[PDB]
C-alpha cells in the first residue's frame with residue numbers, strides 16, 4: 001500500500017496466530033511487541049538505555065504478516081509504550097519513504 | 001526522493017539559515033530540533049511525559065528545507081536525543097510510506 005502520514009501509521013499484523021496492531025516507525029531500528037507470545041529459543045537483548053536499559057527477548061527468523069504482506073525477521077518481545085514495526089522488518093517489506 | 005530503510009533515514013535540513021541533519025521519523029507526531037535558534041514569538045509546549053514532561057518552545061509557520069524540498073510548518077525547539085522531522089512536516093512534503 002501507499003500510507004499517508006496525516007494519522008499515526010498503525011497497521012494490522014499477524015504473528016504466531018495472534019492478530020495485533022503496530023506503528024510503522026522509521027525512527028525505530030528494531031521491532032518491539034508487548035502483547036504476544038512466541039515459541040522456542042530466544043536471546044536476551046538490552047534496549048532503551050536513557051535512565052537505564054530494558055531487558056527483552058529477541059526471537060529470530062519470525063514469520064510475520066504486516067498489512068497483508070508476509071515477511072520473516074527479528075522480533076523483540078518486551079515492554080514498549082506502543083507496538084512498533086522498525087526498519088528491520090520494513091526493509092523486508094521493501095518499504096520506502098517517498099516525496 | 002525515494003529513501004530505503006537499511007540505514008536510519010537522516011536528511012539534510014535548512015532552517016533559519018542553519019544547515020543541520022535530522023531523522024525522518026514516522027513514529028513522531030511533531031518535529032523537534034535542539035541545535036538551532038529561531039526568531040520571534042513562540043508558545044510553550046510540553047512533550048514526552050513518561051517520567052515527566054519536557055517544556056519546549058513551539059514556533060509556528062517556520063520555513064524549512066528538507067532534502068531540498070521547501071515546506072512551512074511547526075518546529076519545536078528543545079532538548080531531544082536526536083533531531084526529528086515528524087509527521088507534521090512529512091505531510092507538508094507529501095511523504096508516503098510505500099510497499
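Taken together, the values in this text are just the output of simple stated rules run on the coordinates, not laboratory data. Positions of Cβ are backbone-derived with ideal geometry, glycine not excepted, and every protein chain shown enters the neighbour counts.
Quick grid of which residues meet (1) in a strand (DSSP E or B); (2) out of contact with any strand residue (DSSP E or B) (no Cβ under 8 Å at 6 or more places or on another chain); (3) within 14 Å of chain A (Cβ to nearest Cβ):
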{"residue": "B:19", "(1), (2), (3)": "yes, no, no"}
{"residue": "B:22", "(1), (2), (3)": "yes, no, yes"}
{"residue": "B:26", "(1), (2), (3)": "no, no, yes"}
{"residue": "B:29", "(1), (2), (3)": "no, yes, yes"}
{"residue": "B:36", "(1), (2), (3)": "no, no, no"}
{"residue": "B:39", "(1), (2), (3)": "no, yes, no"}
{"residue": "B:55", "(1), (2), (3)": "yes, no, no"}
{"residue": "B:64", "(1), (2), (3)": "yes, no, yes"}
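Scanning the range A:41-53 for residues that are closer than 22 Å to residue B:29 by Cα and outside any strand (DSSP E or B) yields a total of 1.
Restricting to the range B:1-17, give me the number of residues that are crowded, with 16+ Cβ neighbours inside 10 Å, in a strand (DSSP E or B) and within 14 Å of another protein chain (Cβ to nearest Cβ). Matching residues across the range B:1-17 total 3.
Scanning for something buried (at least 17 other Cβ atoms within 10 Å of the Cβ), within 18 Å of residue B:97 (Cα to Cα) and touching a residue at least 24 places away in the same chain (Cβ under 8 Å), does the range A:69-76 turn up at least one residue?
Taking every residue of the range A:69-76 in turn, none turns out to be buried (at least 17 other Cβ atoms within 10 Å of the Cβ), within 18 Å of residue B:97 (Cα to Cα) and touching a residue at least 24 places away in the same chain (Cβ under 8 Å).
Kindly establish whether residue B:70 is farther than 22 Å from residue A:51 by Cα, part of a strand (DSSP E or B) and away from chain A (no Cβ under 14 Å). Judged against the criteria, residue B:70 is not a match. State the number of residues belonging to the range B:75-99 that are more than 9 Å from chain A (Cβ to nearest Cβ), touching a strand residue (DSSP E or B) at 6+ places or on another chain (Cβ under 6 Å) and part of a loop (DSSP other than H, G, I, E, B). Counting residues in the range B:75-99 that are more than 9 Å from chain A (Cβ to nearest Cβ), touching a strand residue (DSSP E or B) at 6+ places or on another chain (Cβ under 6 Å) and part of a loop (DSSP other than H, G, I, E, B) gives 3. When the range A:21-46 is filtered for residues that are crowded, with 16+ Cβ neighbours inside 10 Å and within 27 Å of residue B:90 (Cα to Cα), the ones remaining, listed by number, are A:22, A:23, A:24, A:25, A:26, A:27, A:28, A:30, A:31, A:32, A:33.
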